[PDB]
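In what follows, a single structure is set out as structure tokens and then discussed.
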Amino acid sequence: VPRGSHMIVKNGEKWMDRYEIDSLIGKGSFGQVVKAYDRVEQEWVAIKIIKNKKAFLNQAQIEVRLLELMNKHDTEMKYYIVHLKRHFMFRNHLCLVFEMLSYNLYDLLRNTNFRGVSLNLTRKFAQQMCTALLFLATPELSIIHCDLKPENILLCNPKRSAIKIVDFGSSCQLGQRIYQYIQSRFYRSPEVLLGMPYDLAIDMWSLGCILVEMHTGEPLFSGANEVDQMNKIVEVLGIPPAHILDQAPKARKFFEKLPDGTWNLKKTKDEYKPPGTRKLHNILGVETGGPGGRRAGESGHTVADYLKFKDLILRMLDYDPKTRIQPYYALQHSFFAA
Ligand SMILES: O=c1[nH]cnc2n[nH]c(-c3ccccc3)c12
């Protein structure tokens, strides 16, 4: 019986006279992902190998149950989600066999040298992601992904704009509270930072952040810790509304209630732009040729196009999760008309 939790995997070895192991795609907390040729189906697959560890095996059983639930739906909307082909036990590890995809949206940004992709490509990513979220919001699914980030959104083909969401290892269904901290820090919703109840809206918050990063090349809110994260949100969006902070268990981590009942930033031990003064209008360069002026003298980047982009993002970054734009209504936004 092996001492480590990981599976030993030798490039070039062949599993069950079927999977020819090519190379390591990625490592993580969960275990590893390998590129393999399925000699039976004559196609590439990505094999996700789960650590022989109770917590990761539990997360992977949740991922299997949610992916298999999604598979039973007829709608074409399900093809924005990575397809789990099959799962088995091999050498005492749970192995998930997925369709092989191309590189993630972070890799794509790195290929631009973090200058961002065009508004037209951003629009195509946005429409596919809102469609994916509409699918997850189907009542019989009600799935919160809980870890949307550029690294979890993969191109199907390196030449094309088609994308798929991966990694439902941290996911839950509406009304569940399983893990103490959720969402990747840069993409973490205000309701999660505040310890308030969360629903499918946290995913629309993450999507708002992601789409700005895809067009500018840089994370909108790049916090080094939760206090820094909330302070960077506040630079762009202002102090959250009183009706939220009055109900937030962790309001006093970030904010203080003054004698007149109004909320301010908490005094530091002893730096940020004043609240609401880092305008998304200027981050996007609506009137000034896009990010760093680099999109003036290109087409598909008009002031009119930027205003529609800005208006949709600010609906996704609503502090109030009951009024934040829902996928069903995001898809009807004029940003998608053209
Ligand atoms: O990481 C991955 N790289 C390339 N193709 C992939 N297909 N599915 C995955 C994957 C699926 C679930 C969780 C993590 C990665 C891939």
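Per the entry's author numbering: the sequence shown = residues 141 to 410, 414 to 481.
No residue lacks a Cβ here, since even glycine has one placed at the ideal position from N, Cα and C.
* Under a Cβ-count criterion, where at least 16 other Cβ atoms within 10 Å of its own Cβ denotes burial, should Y319 be classed as buried or exposed? -> So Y319 counts as exposed.
* In terms of residues, what are the limits of the alpha helix (DSSP H) holding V367? -> If you look at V367, you'll find it in the alpha helix (DSSP H) that goes 366-377.
* Asked: Say the cut is 6 Å; is the CB of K299 nearer than that to a heavy atom of ligand 1?
  -> No, since every heavy atom of ligand 1 falls outside the 6 Å radius drawn around the Cβ of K299.
* Nearest-angstrom Cα separation, counted from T431 out to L450 -> Using only the alpha carbons, I get a separation of about 12 Å.
* Asked: Can you tell which of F361, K422, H355 has the C-alpha that lies nearest to the C-alpha of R263?
  -> Residue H355 is the option with its Cα nearest to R263.
* State the DSSP-derived secondary structure class of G436, mapped to helix, strand or coil. => Under the three-state reduction of DSSP output, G436 falls in the helix class.
* Asked: Starting from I293 and walking both ways along the beta strand (DSSP E), at which residues does that stretch end?
  -> For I293, the uninterrupted beta strand (DSSP E) segment begins and ends at 293-295.
* Per-residue DSSP class, three states only, for residue 413 -> Residue numbering in the chain breaks between 410 and 414, and residue 413 falls inside that break, so it has no position here.
* What's the gap between the Cα of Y243 and the Cα of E375? -> Their Cα atoms are separated by approximately 32 Å.
* Pick helix, strand or coil for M459, following the three-state DSSP scheme. => Three-state result, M459: helix.
* How close, in whole Å, do the beta carbons of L474 and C270 come, if the pair is a contact with beta carbons under 8 Å? -> Under the criterion of beta carbons closer than 8 Å, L474 and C270 qualify as touching, at roughly 5 Å.
* Check whether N371 and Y321 have beta carbons under 7 Å apart -> No, Cβ-Cβ distance for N371 and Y321 is not below 7 Å.
* **CA-to-CA distance, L288 to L281, given in whole angstroms** => Whole-angstrom Cα-Cα distance: 17 Å.
* **Secondary structure of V352, DSSP reduced to three states** => Helix, per DSSP.
* Please report how far the alpha carbon of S477 lies from the alpha carbon of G171, in whole angstroms. => It is roughly 42 Å from the alpha-carbon of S477 to the alpha-carbon of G171.
* Local conformation of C235 per DSSP, three classes -> The three-state reading of DSSP puts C235 in strand, counting E and B together.
* To the nearest angstrom, report how far apart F228 and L234 are at their CA atoms. => Here the C-alpha atom of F228 lies approximately 6 Å from the C-alpha atom of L234.
* Specify, as a first and last residue, the run of the alpha helix (DSSP H) that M269 falls within. => Note, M269: alpha helix (DSSP H), 259-276.
* To do: From the DSSP output, in three-state form, read off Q182 for me.
  => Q182 falls in the coil class under three-state DSSP.
* Give the secondary structure of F170 by DSSP, where H, G and I count as helix, E and B as strand, and everything else as coil. => Coil at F170, not helix or strand.
* So, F326 versus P359, is the Cβ gap smaller than 7 Å? -> Against a cut-off of 7 Å, the Cβ pair of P359 and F326 comes out as a contact.
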